[PDB]
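Structure first, commentary second.
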Amino acid sequence: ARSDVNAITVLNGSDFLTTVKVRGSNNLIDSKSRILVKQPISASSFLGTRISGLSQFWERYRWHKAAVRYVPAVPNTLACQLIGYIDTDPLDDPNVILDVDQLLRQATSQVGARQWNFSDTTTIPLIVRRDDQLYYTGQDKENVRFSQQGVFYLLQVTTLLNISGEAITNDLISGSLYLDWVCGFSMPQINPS
Amino acid sequence: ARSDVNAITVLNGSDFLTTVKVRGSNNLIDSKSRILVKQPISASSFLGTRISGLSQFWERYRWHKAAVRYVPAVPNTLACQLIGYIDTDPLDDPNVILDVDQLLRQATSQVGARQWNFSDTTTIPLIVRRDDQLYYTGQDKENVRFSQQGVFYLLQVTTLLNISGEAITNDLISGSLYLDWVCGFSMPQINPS
Amino acid sequence: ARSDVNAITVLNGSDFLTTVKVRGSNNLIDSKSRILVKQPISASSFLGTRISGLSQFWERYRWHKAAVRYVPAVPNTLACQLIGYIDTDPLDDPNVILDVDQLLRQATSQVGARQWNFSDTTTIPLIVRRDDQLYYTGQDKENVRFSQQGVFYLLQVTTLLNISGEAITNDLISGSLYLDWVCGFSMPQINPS
Amino acid sequence: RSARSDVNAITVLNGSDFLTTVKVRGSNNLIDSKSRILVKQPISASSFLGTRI
Amino acid sequence: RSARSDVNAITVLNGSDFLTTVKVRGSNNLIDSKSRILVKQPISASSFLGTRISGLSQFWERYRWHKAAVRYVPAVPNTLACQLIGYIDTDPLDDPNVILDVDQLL
Amino acid sequence: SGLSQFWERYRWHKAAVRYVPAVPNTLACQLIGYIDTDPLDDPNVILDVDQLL
Amino acid sequence: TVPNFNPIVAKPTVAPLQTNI
Amino acid sequence: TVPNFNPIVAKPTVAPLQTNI
Ligand SMILES: [Ca+2]
Ligand SMILES: [Ca+2]
Ligand SMILES: [Ca+2]
Ligand SMILES: [Ca+2]
Ligand SMILES: [Ca+2]
Ligand SMILES: [Ca+2]
Ligand SMILES: [Ca+2]
Ligand SMILES: [Ca+2]
Ligand SMILES: [Ca+2]
């Protein structure tokens with residue numbers, strides 16, 4: 001009962017990230033304001049959830065098969081075209097861009113991207129790398145390419161508009177983001193907090 | 001014709017639990033008011049139905065394959081994000097929580113949880129334990145972990161809002177909850193009532 | 001990735017429980033005083049440990065292979081015997097016993113009992129029942145035979161004395177208790193705190 | 001070290017015993033549905049005091 | 001007729017148990033020949049209350065120790081020193097307490 | 001370590017720290033030793049001794 | 001007959017001074 | 001490969017009290 005064997009413990013689960021908020025007309029003024037969510041996809045990034053709580057008790061992790069999921073709290077009568085992709089290089093920051101079209105293009109060109117209207121639901125996958133590298137389960141530190149296996153961005157392509165061909169100026173809440181994940185942790189331990 | 005053999009009698013069926021009611025704006029004031037349904041999933045908890053009537057004529061039960069189901073009585077134009085999970089430990093009570101986010105997280109982390117807008121339909125499953133334990137078919141008594149195999153909670157994530165980005169203050173009725181179950185009862189008898 | 005499957009996650013580890021404190025002369029006047037430790041062996045009983053941090057993220061648990069370990073922090077010149085046993089029925093309270101010899105005898109009668117001087121080290125094995133019954137992970141509730149799979153009682157047989165014959169009276173610490181455990185958790189969830 | 005064993009072994013043993021006498025209630029003391037319950041004897045092994053099981 | 005059997009059969013069973021602790025008397029409380037008697041523990045099966053052998057004893061009428069052996073499990077190092085004598089007297093009525101000459105007792 | 005400068009990369013295919021005491025069995029103190037594979041994990045930032053242990 | 005009723009075992013261990021290396 | 005680079009050995013010895021004859 002005192003074994004020192006290190007073995008991957010693949011375990012499934014689900015979680016709840018946060019509620020999103022479309023930016024509307026008045027607040028949509030540039031290219032970076034069209035980014036509704038800039039949320040890492042590291043295990044230990046969602047504290048109150050289960051995945052981060054489990055991560056606290058291992059040292060490394062690797063997304064075996066992860067998938068973000070959008071669930072709206074709005075009717076079909078409203079329309080707004082969103083884009084959601086999981087960039088596997090956390091240092092790649094689109095906020096430095098100003099050309100909206102180039103932002104949407106670098107969002108769409110990613111292999112794990114999906115486009116959808118904010119009244120329906122989708123499932124954004126995380127495409128995993130090839131070299132079998134493992135990531136670290138702790139808070140963000142000197143570098144990020146060690147901890148964060150991905151970064152979730154949520155875009156606003158079209159202006160929010162109502163039943164008619166009229167825009168909206170409220171900056172309302174639309175839905176919520178969920179994570180359907182299966183992850184493999186390597187080394188048992190406890191990380192500070 | 002006078003056999004005393006005890007044998008499991010697995011039998012399918014469907015039923016009708018009750019109508020749900022989203023809590024709205026004025027009545028949604030804290031974390032526990034966001035709980036629209038706190039309804040056990042014990043056989044003998046729904047009197048007028050068929051499952052409880054049958055339970056009355058056995059001593060024990062075990063959900064072989066159960067699935068709660070939501071059917072709305074509202075249009076797609078309305079939106080409200082709900083969460084529904086079946087906690088297999090009836091003593092686990094979320095009403096003691098105050099942090100809304102933690103409530104939604106402990107609701108989402110359960111393996112048999114689903115998130116959906118109150119204008120569409122879903123099917124909430126009941127994940128059964130492993131140790132093959134049987135439960136009791138009678139009314140609630142000294143303990144609950146003997147009778148109730150699960151407890152159905154129905155949450156309200158986002159505020160109820162109309163066609164536009166405007167909330168509602170009516171606390172209206174949305175749909176109804178059904179149960180598509182197959183259960184195995186062990187010991188023939190009659191329980192008091 | 002959104003699997004609704006349940007399965008046992010048998011994972012191993014070790015943990016630090018607390019430092020024992022031999023009762024000495026002053027604090028030792030009666031029998032119940034000779035009970036140094038009354039520590040449930042429920043996964044969620046050791047707060048800061050890894051075992052409990054994990055248990056918080058499941059419903060149930062079952063020690064497949066658990067063993068409490070004693071590591072002394074004293075020389076071999078000091079003298080005191082110790083008896084340790086893990087009662088698989090929590091509600092068996094020996095504190096009510098006045099006769100000290102009756103206490104040590106009902107301890108030794110338990111199968112997994114162990115007797116050792118507090119200058120050496122020994123292991124206290126948990127004996128597992130034969131019905132496969134799983135135990136709930138959360139804090140103790142209305143009944144205890146659901147949560148606690150055992151209770152570790154640590155006893156002071158003799159009096160504590162030093163190189164010379166004078167018996168100590170300062171209630172010093174003798175060692176520490178570690179837990180080399182192997183448990184199987186069933187249902188992913190989050191328990192309230 | 002004086003380590004008691006760790007073998008949780010099952011000991012099956014059989015034998016007959018004696019619960020109690022049955023007292024029919026007659027017409028006088030039978031005036032209710034409870035009066036028609038003559039024996040309520042739990043079957044827990046520890047319920048039969050005088051016995052040795 | 002419901003006739004219980006008539007077979008007076010013997011049931012032999014073995015196992016270890018626990019009598020008590022020994023308390024040496026020291027210089028203060030050792031002022032007599034009686035003070036030097038630390039343990040007076042009858043060996044009747046029904047004398048060991050907390051044990052379960054004694055409990056079983058009530059389920060039969062007669063007994064006989066086909067083999068018994070008391071074992072001393074010390075708790076001290078080799079630094080301390082004191083001689084001890086231990087003898088299972090087969091005649092309970094033989095009371096050493098009535099003796100005064102310590103040497104006679106030993 | 002000196003040889004280390006003669007190459008670029010390394011990997012401990014096997015390492016094992018060994019404790020060689022210098023005291024008799026008279027003194028007593030518990031010790032815990034663990035090789036953390038994540039250098040950035042600093043225990044110094046902790047205050048709760050029990051959490052550290 | 002009921003075997004192994006209350007079997008206890010003993011295994012003595014010495015405790016020398018100055019374990020040397 | 002260079003074998004036996006820095007090989008160290010350990011052989012524990014006890015140190016009892018009162019070696020008797
Ligand atoms: Ca990129
Ligand atoms: Ca770390
Ligand atoms: Ca729960
Ligand atoms: Ca019943
Ligand atoms: Ca017990
Ligand atoms: Ca069972
Ligand atoms: Ca629980
Ligand atoms: Ca004599
Ligand atoms: Ca670490």
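Naming scheme: A, B, ... for chains in displayed order of the structure tokens; residues 1 onward per chain; ligands 1 onward as shown.
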
**Message:** Counting only C-alpha atoms and all ligand atoms, what are the residues, protein, DNA or RNA alike, that approach ligand 1 to within 9 Å? I want them as a PyMOL selection string.
**Reply:** chain A and resi 86-94+106-107+110

Store the residues of this selection in a file with C-alpha atoms, as a compact mmCIF listing (two decimals), in the first residue's frame.
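The result, written out as again.txt:
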```
# COMPACT_ATOMS: atom_id res chain seq x y z
CA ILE A 86 -8.83 27.46 -28.74
CA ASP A 87 -5.34 28.77 -29.50
CA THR A 88 -2.72 26.26 -28.35
CA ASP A 89 -0.06 29.01 -28.06
CA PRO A 90 -1.17 31.17 -25.12
CA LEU A 91 1.30 33.92 -26.05
CA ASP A 92 -0.51 34.45 -29.36
CA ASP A 93 -2.59 37.49 -28.40
CA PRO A 94 -5.11 38.93 -30.91
CA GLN A 106 -6.84 34.15 -37.66
CA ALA A 107 -9.77 32.97 -35.54
CA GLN A 110 -7.41 27.65 -36.52
```

**Asked** Which of stretch 18-49 of chain D counts as helix (DSSP H, G or I) under DSSP, as an MDAnalysis selection string please?
**Response** chainID D and resid 34:36 45:47

**Item:** Long-range neighbours of residue G:14 as a PyMOL selection string, 12 Å cut-off, only C-alpha atoms, 6 positions minimum in chain
**Value:** (chain C and resi 76+119-120) or (chain D and resi 1) or (chain E and resi 77-78) or (chain H and resi 14-17)

Store the residues picked out above in a file with N, CA, C and O atoms, as a tab-separated table (two decimals), in the first residue's frame.
```tsv
chain	number	residue	atom	x	y	z
C	76	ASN	N	15.28	5.50	21.96
C	76	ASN	CA	14.85	4.20	22.46
C	76	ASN	C	14.99	4.09	23.97
C	76	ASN	O	14.69	3.03	24.53
C	119	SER	N	8.93	4.01	20.67
C	119	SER	CA	10.27	4.28	20.19
C	119	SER	C	10.57	3.62	18.86
C	119	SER	O	11.48	4.05	18.15
C	120	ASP	N	9.81	2.59	18.50
C	120	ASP	CA	9.91	1.95	17.19
C	120	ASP	C	8.70	2.33	16.35
C	120	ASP	O	7.85	3.14	16.76
D	1	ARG	N	6.33	-6.40	19.03
D	1	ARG	CA	5.29	-5.88	18.16
D	1	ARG	C	3.91	-6.47	18.44
D	1	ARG	O	2.91	-5.77	18.28
E	77	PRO	N	13.04	-0.79	29.07
E	77	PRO	CA	14.35	-1.18	28.54
E	77	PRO	C	15.09	-2.05	29.55
E	77	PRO	O	14.60	-2.36	30.63
E	78	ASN	N	16.32	-2.43	29.17
E	78	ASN	CA	17.16	-3.22	30.05
E	78	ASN	C	17.88	-2.37	31.09
E	78	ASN	O	18.71	-2.91	31.84
H	14	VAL	N	25.85	-2.09	14.27
H	14	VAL	CA	25.15	-1.77	15.51
H	14	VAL	C	26.19	-1.46	16.58
H	14	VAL	O	27.38	-1.74	16.41
H	15	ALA	N	25.73	-0.88	17.70
H	15	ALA	CA	26.62	-0.50	18.80
H	15	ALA	C	25.88	-0.73	20.11
H	15	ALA	O	25.45	0.21	20.78
H	16	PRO	N	25.73	-1.99	20.51
H	16	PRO	CA	24.95	-2.30	21.71
H	16	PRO	C	25.66	-1.84	22.98
H	16	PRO	O	26.74	-1.25	22.95
H	17	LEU	N	25.02	-2.12	24.10
H	17	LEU	CA	25.57	-1.83	25.41
H	17	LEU	C	25.81	-3.13	26.18
H	17	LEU	O	25.05	-4.09	26.08
```

Find the residues near ligand 9. Use a cut-off of 10 Å, count only C-alpha atoms and all ligand atoms, and write them as a PDB file with N, CA, C and O atoms, in the first residue's frame.
```pdb
ATOM      1  N   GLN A  56      -5.206  20.575  -8.431  1.00  0.00           N
ATOM      2  CA  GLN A  56      -4.460  20.907  -7.221  1.00  0.00           C
ATOM      3  C   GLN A  56      -3.731  19.705  -6.642  1.00  0.00           C
ATOM      4  O   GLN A  56      -2.729  19.880  -5.939  1.00  0.00           O
ATOM      5  N   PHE A  57      -4.204  18.490  -6.919  1.00  0.00           N
ATOM      6  CA  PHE A  57      -3.663  17.278  -6.323  1.00  0.00           C
ATOM      7  C   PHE A  57      -2.860  16.451  -7.318  1.00  0.00           C
ATOM      8  O   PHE A  57      -2.669  15.248  -7.115  1.00  0.00           O
ATOM      9  N   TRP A  58      -2.396  17.077  -8.395  1.00  0.00           N
ATOM     10  CA  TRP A  58      -1.425  16.481  -9.297  1.00  0.00           C
ATOM     11  C   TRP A  58      -0.495  17.590  -9.760  1.00  0.00           C
ATOM     12  O   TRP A  58      -0.778  18.776  -9.575  1.00  0.00           O
ATOM     13  N   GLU A  59       0.619  17.195 -10.369  1.00  0.00           N
ATOM     14  CA  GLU A  59       1.604  18.180 -10.804  1.00  0.00           C
ATOM     15  C   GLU A  59       1.472  18.528 -12.277  1.00  0.00           C
ATOM     16  O   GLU A  59       1.704  19.677 -12.660  1.00  0.00           O
ATOM     17  N   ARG A  60       1.105  17.563 -13.107  1.00  0.00           N
ATOM     18  CA  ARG A  60       1.028  17.761 -14.543  1.00  0.00           C
ATOM     19  C   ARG A  60      -0.330  17.321 -15.067  1.00  0.00           C
ATOM     20  O   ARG A  60      -1.116  16.672 -14.372  1.00  0.00           O
ATOM     21  N   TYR A 136       1.867  21.835 -16.776  1.00  0.00           N
ATOM     22  CA  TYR A 136       1.940  21.967 -15.329  1.00  0.00           C
ATOM     23  C   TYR A 136       0.621  22.490 -14.779  1.00  0.00           C
ATOM     24  O   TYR A 136      -0.051  23.307 -15.416  1.00  0.00           O
ATOM     25  N   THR A 137       0.259  22.017 -13.588  1.00  0.00           N
ATOM     26  CA  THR A 137      -1.066  22.239 -13.023  1.00  0.00           C
ATOM     27  C   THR A 137      -1.149  23.447 -12.101  1.00  0.00           C
ATOM     28  O   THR A 137      -2.208  23.671 -11.506  1.00  0.00           O
ATOM     29  N   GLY A 138      -0.086  24.225 -11.961  1.00  0.00           N
ATOM     30  CA  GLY A 138      -0.092  25.315 -11.012  1.00  0.00           C
ATOM     31  C   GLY A 138      -0.587  26.620 -11.602  1.00  0.00           C
ATOM     32  O   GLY A 138      -0.937  26.709 -12.777  1.00  0.00           O
ATOM     33  N   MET A 187       1.698  13.117 -11.989  1.00  0.00           N
ATOM     34  CA  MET A 187       2.433  12.975 -10.737  1.00  0.00           C
ATOM     35  C   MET A 187       1.566  13.391  -9.559  1.00  0.00           C
ATOM     36  O   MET A 187       1.199  14.571  -9.457  1.00  0.00           O
ATOM     37  N   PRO A 188       1.218  12.483  -8.650  1.00  0.00           N
ATOM     38  CA  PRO A 188       0.474  12.892  -7.455  1.00  0.00           C
ATOM     39  C   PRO A 188       1.302  13.821  -6.578  1.00  0.00           C
ATOM     40  O   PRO A 188       2.482  13.575  -6.320  1.00  0.00           O
ATOM     41  N   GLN A 189       0.670  14.901  -6.133  1.00  0.00           N
ATOM     42  CA  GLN A 189       1.256  15.825  -5.168  1.00  0.00           C
ATOM     43  C   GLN A 189       0.172  16.819  -4.778  1.00  0.00           C
ATOM     44  O   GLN A 189      -0.990  16.682  -5.168  1.00  0.00           O
ATOM     45  N   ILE A 190       0.563  17.821  -3.999  1.00  0.00           N
ATOM     46  CA  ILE A 190      -0.293  18.955  -3.673  1.00  0.00           C
ATOM     47  C   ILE A 190       0.459  20.233  -4.010  1.00  0.00           C
ATOM     48  O   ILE A 190       1.606  20.415  -3.587  1.00  0.00           O
ATOM     49  N   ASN A 191      -0.186  21.111  -4.765  1.00  0.00           N
ATOM     50  CA  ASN A 191       0.397  22.392  -5.117  1.00  0.00           C
ATOM     51  C   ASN A 191      -0.122  23.482  -4.187  1.00  0.00           C
ATOM     52  O   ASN A 191      -1.292  23.464  -3.797  1.00  0.00           O
ATOM     53  N   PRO A 192       0.716  24.444  -3.802  1.00  0.00           N
ATOM     54  CA  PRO A 192       0.233  25.538  -2.954  1.00  0.00           C
ATOM     55  C   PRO A 192      -0.878  26.320  -3.638  1.00  0.00           C
ATOM     56  O   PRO A 192      -1.182  26.138  -4.818  1.00  0.00           O
TER      57      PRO A 192
ATOM     58  N   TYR F  34      11.288  14.827   0.019  1.00  0.00           N
ATOM     59  CA  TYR F  34      10.587  14.594  -1.236  1.00  0.00           C
ATOM     60  C   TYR F  34      11.254  15.407  -2.330  1.00  0.00           C
ATOM     61  O   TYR F  34      11.518  16.599  -2.146  1.00  0.00           O
ATOM     62  N   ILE F  35      11.526  14.761  -3.460  1.00  0.00           N
ATOM     63  CA  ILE F  35      12.107  15.436  -4.614  1.00  0.00           C
ATOM     64  C   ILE F  35      10.964  15.945  -5.481  1.00  0.00           C
ATOM     65  O   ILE F  35      10.342  15.177  -6.219  1.00  0.00           O
ATOM     66  N   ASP F  36      10.684  17.242  -5.396  1.00  0.00           N
ATOM     67  CA  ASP F  36       9.629  17.839  -6.200  1.00  0.00           C
ATOM     68  C   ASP F  36      10.112  18.021  -7.630  1.00  0.00           C
ATOM     69  O   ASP F  36      11.168  18.614  -7.867  1.00  0.00           O
ATOM     70  N   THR F  37       9.336  17.514  -8.582  1.00  0.00           N
ATOM     71  CA  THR F  37       9.703  17.588  -9.988  1.00  0.00           C
ATOM     72  C   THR F  37       9.384  18.938 -10.614  1.00  0.00           C
ATOM     73  O   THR F  37       9.726  19.155 -11.781  1.00  0.00           O
ATOM     74  N   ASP F  38       8.748  19.839  -9.878  1.00  0.00           N
ATOM     75  CA  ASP F  38       8.434  21.179 -10.370  1.00  0.00           C
ATOM     76  C   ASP F  38       9.196  22.187  -9.522  1.00  0.00           C
ATOM     77  O   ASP F  38       8.748  22.513  -8.403  1.00  0.00           O
ATOM     78  N   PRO F  39      10.334  22.699  -9.996  1.00  0.00           N
ATOM     79  CA  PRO F  39      11.108  23.632  -9.164  1.00  0.00           C
ATOM     80  C   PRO F  39      10.322  24.851  -8.718  1.00  0.00           C
ATOM     81  O   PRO F  39      10.519  25.334  -7.597  1.00  0.00           O
ATOM     82  N   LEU F  40       9.433  25.369  -9.568  1.00  0.00           N
ATOM     83  CA  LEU F  40       8.707  26.585  -9.230  1.00  0.00           C
ATOM     84  C   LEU F  40       7.777  26.400  -8.039  1.00  0.00           C
ATOM     85  O   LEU F  40       7.320  27.395  -7.468  1.00  0.00           O
ATOM     86  N   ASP F  41       7.487  25.161  -7.652  1.00  0.00           N
ATOM     87  CA  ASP F  41       6.662  24.907  -6.475  1.00  0.00           C
ATOM     88  C   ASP F  41       7.473  25.223  -5.227  1.00  0.00           C
ATOM     89  O   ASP F  41       8.299  24.415  -4.792  1.00  0.00           O
ATOM     90  N   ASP F  42       7.241  26.399  -4.650  1.00  0.00           N
ATOM     91  CA  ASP F  42       8.015  26.872  -3.510  1.00  0.00           C
ATOM     92  C   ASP F  42       7.239  26.638  -2.221  1.00  0.00           C
ATOM     93  O   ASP F  42       6.165  27.232  -2.040  1.00  0.00           O
ATOM     94  N   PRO F  43       7.722  25.795  -1.303  1.00  0.00           N
ATOM     95  CA  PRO F  43       7.016  25.646  -0.023  1.00  0.00           C
ATOM     96  C   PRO F  43       7.161  26.854   0.884  1.00  0.00           C
ATOM     97  O   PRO F  43       6.354  27.021   1.807  1.00  0.00           O
TER      98      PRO F  43
END
```

**Protein and nucleic acid residues within 7 Å of ligand 8 (only C-alpha atoms and all ligand atoms) as a PyMOL selection string** = chain E and resi 89-91+94

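Between atom CA of residue E:88 and atom CA of residue E:101 there is a distance of 20.3 Å.
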
**Residues within 6 Å of residue C:113, only C-alpha atoms, excluding chain neighbours under 6 positions, as number ranges by chain** = C: 84-85; D: 4
